[PDB]
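The structure tokens that follow cover one protein chain in two forms, given apart as structure 1 and structure 2.
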Structure 1
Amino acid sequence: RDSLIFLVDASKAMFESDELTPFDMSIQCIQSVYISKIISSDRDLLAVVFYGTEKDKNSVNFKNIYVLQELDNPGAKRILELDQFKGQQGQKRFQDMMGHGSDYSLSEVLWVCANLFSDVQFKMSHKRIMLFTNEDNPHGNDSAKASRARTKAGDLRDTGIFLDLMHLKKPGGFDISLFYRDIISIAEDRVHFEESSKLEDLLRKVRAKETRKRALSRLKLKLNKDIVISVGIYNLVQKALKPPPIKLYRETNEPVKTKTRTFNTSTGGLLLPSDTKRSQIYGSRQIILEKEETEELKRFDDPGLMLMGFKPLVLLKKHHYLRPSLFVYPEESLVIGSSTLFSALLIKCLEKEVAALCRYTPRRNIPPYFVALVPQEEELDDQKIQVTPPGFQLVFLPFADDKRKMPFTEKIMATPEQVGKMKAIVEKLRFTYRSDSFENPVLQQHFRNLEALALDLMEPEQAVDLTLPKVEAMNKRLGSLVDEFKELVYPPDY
């Protein structure tokens, strides 16, 4: 488990603009990531602190710094308390209860922040810091503050704590070269996000930076018996599912441990897996097999990807879907040189418009599967967010048993006039699609219900189901085209 700390600017400019103030923008972004962490059931510890504060409060009693939340798991009370500062009314409430726009030293800010990591229990693995401001070179008037802060930041980077800057939109544009460049935790190729002006982009940028990778498995990809490379497998999309209930004791509100025995019907003695056999009845006979035998009969090959050959992409039919795809990337930590082959392969098969085909074996003792590796080129948006990462897409292919035969039916052909009206209808119903457009109604209502109970509010918000069609507007946008199409194609009798 890790830990993360958020830094927020109290400077007067943070409360200035049709666009949201960058302060309220920050608050909304932080709310959305807290909710996001809750919905994942993740175990990381979050914290929120302000700098340049008029009133102040922190462990070491340094001036103009205010810890709002210490380093802990997300909580309902915490998100409610954080939401107390939302919108203009919350901004006014914040500025009334604290004030704003006082002087500070960022050297002390960073020292307080290191104290918060120092105060953590049970040794979290990665320690990171995230900065919100639109002020470039805040100490351009004070080289002594700047140099002691640069010195302190170097010490923290020797301490291995990561730090990074979500620079918000600035009048006259923000410049990275003036300050923070020499201070942030760097990475090898720098290419960096532009300043953020919209909540969607800000959320995308923090969310892309925040999560560390978690390799799903460490396979070997075998070009033949001899030449073999190390690769990581990653899922990139994974089906969200409703968390399971947990059994609870009635009186103490304490969770309970459930176990599962197995014992003889007559004797009642606990039965070892050796005390029983596995059976099936086929035909008119009973067949007896052992647990080790059953495991052994599943054994094919070994875990890993074996190359079968190369196939031109046009042959992979679109409607031969089977299960969600996976993403494959080189893993240099086990086998040196692997990335050079991997990149050479990606380059040449991209130039030749071709997939590879492999026999796949995820884990020990599983029947193989046929998968096709499709090359995928890196693509950045106009915000330099990585939309598609570079690598091979791993597509599963169906066996013969997976196809179901369809019933016979006669072809009947539409007229060009029918198609013409329908094209007009289709164009009149056009819109732009993006994957982030739709939320899951079932999860979205469930968590609303839980929060109303957790907060003792008792009467939950009914979440709008955005998957529903915009019927009245769609009818209005169609006008008389529907009745024209109906009169044209349908006979006078339904």
Structure 2
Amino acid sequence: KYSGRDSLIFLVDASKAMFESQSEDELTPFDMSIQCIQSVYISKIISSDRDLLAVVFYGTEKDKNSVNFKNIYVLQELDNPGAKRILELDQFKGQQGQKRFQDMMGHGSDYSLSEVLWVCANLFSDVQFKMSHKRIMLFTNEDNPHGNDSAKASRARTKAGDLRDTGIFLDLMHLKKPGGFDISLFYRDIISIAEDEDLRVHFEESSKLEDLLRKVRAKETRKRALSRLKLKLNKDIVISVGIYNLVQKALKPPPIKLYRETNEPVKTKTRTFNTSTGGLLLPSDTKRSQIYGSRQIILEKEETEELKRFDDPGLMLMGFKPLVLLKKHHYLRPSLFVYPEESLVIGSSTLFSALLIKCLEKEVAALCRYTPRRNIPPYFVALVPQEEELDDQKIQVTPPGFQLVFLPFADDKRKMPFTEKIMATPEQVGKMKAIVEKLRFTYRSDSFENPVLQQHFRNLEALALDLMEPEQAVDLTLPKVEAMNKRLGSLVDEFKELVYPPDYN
């Protein structure tokens, strides 16, 4: 669903084995897991601050939950992430943080997985929001938690099966173990994955924790159709489609106004009244005006809306045009994505697929008239077929559908000053070709980050977490002048000698 949230519970073991270390340089599993949770918290705050995150420790001497099961400490309940929780978790980070954790919560006590999963299920059920995903990340480094005791282990498998039945996804995030984690000894029948893709013993720990520690700051907006329009062939063959924005300029979050002292959000209200009595001007005793130098033209608001009305919302198929007639330099505004919808007109997907297949075969594009909503002048757009593309890992790099390209009107193009064409001799072209070949690189869409947005995120993190000095974002859009100077060498001098006269700047 759309309104559904994502619920994540970090299950961190507090056994003594987690507090050991095989090397001084290496990090003990406990603080590594704490850093994992911190990275997840920061990434979620930047991205999906509407989700729910909780942290539960099992194996402690002290108990804290809604059931009073022993050796279960719920540090945080299912709630939106915040800076206070991040700092509270930081209190245990690293050396002397492990000591603080051991001093304020016990460790090394005996536990029971069934009770732990019971506590997690109660945590999931207690909150009243609607969620799409109920995930649990278990941080542990013991292959058989209840290897010695059979009854507790069996109850654990039963409880895990129950949680799988009710829809709780159970992941496994094993840390480093000197003897190898040896997955599939106990955890095989409980983890929600379809199967253990690797049935090795996993001497190492960095299975997927590197993905968690890898911080990528982006909003990650949920999927939602901009408009659920109707593609009409002539006037009767009407299919239902949806318009999405696969690319949209990421904006800096808008600042909010709050009270000077209490630091609480302040609601803004706008009111309009005449300056003769103060009585509010209801939107039925005012009119729109335009003075064109000496004459005033007066129109009702309804008339101003009406003069912009051409067609009903939807796409009117004008025809089919070969793709070679769509010029690359006639770009107007970011293109959209058209994908069929079966919720309104049953049978739209079949016709949409047939149109997509035939347009791909014939290398044509459906030229249509686009009216996004009522009282909006239409534009001319091209639905370019877009075949599904999968990489070597079989992931959807490019979804199948249509690409809605906006075609500029006659007055969206500007006349340009006449310039005499001065062509270059083949020697200069060859030298510049050598220069171009020197600086060749492979380009990907996700290769550059917005320096402004990254710096804003770093500044916000530093302000909220009370950091001593904000981390400076690395600007990847800055040319590596030293690198290309070393790469080119004397090519630039030769090119300037060939082209630039000896008295030019």
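So that the term is clear: the rigid core is the largest set of C-alpha atoms that superpose within 1.5 Å between two forms. Residue 1 is the first residue of structure 1, and the numbers go on in sequence order from there.
If you assign each C-alpha to whichever superposition fits it better, residue 134 and residue 180 land in the same rigid part between the two structures. Relative to the larger rigid part, the smaller part rotates 25 degrees between the two structures, based on C-alpha fits. On the core-superposed pair, the CA position of residue 326 changes by 0.5 Å between the two structures. Here the two forms are laid over each other by their core, and the C-alpha of residue 46 is off by 3.3 Å between the two structures. Note on residue 95: its Cα is shifted 12.5 Å between the two structures, core used for superposition.
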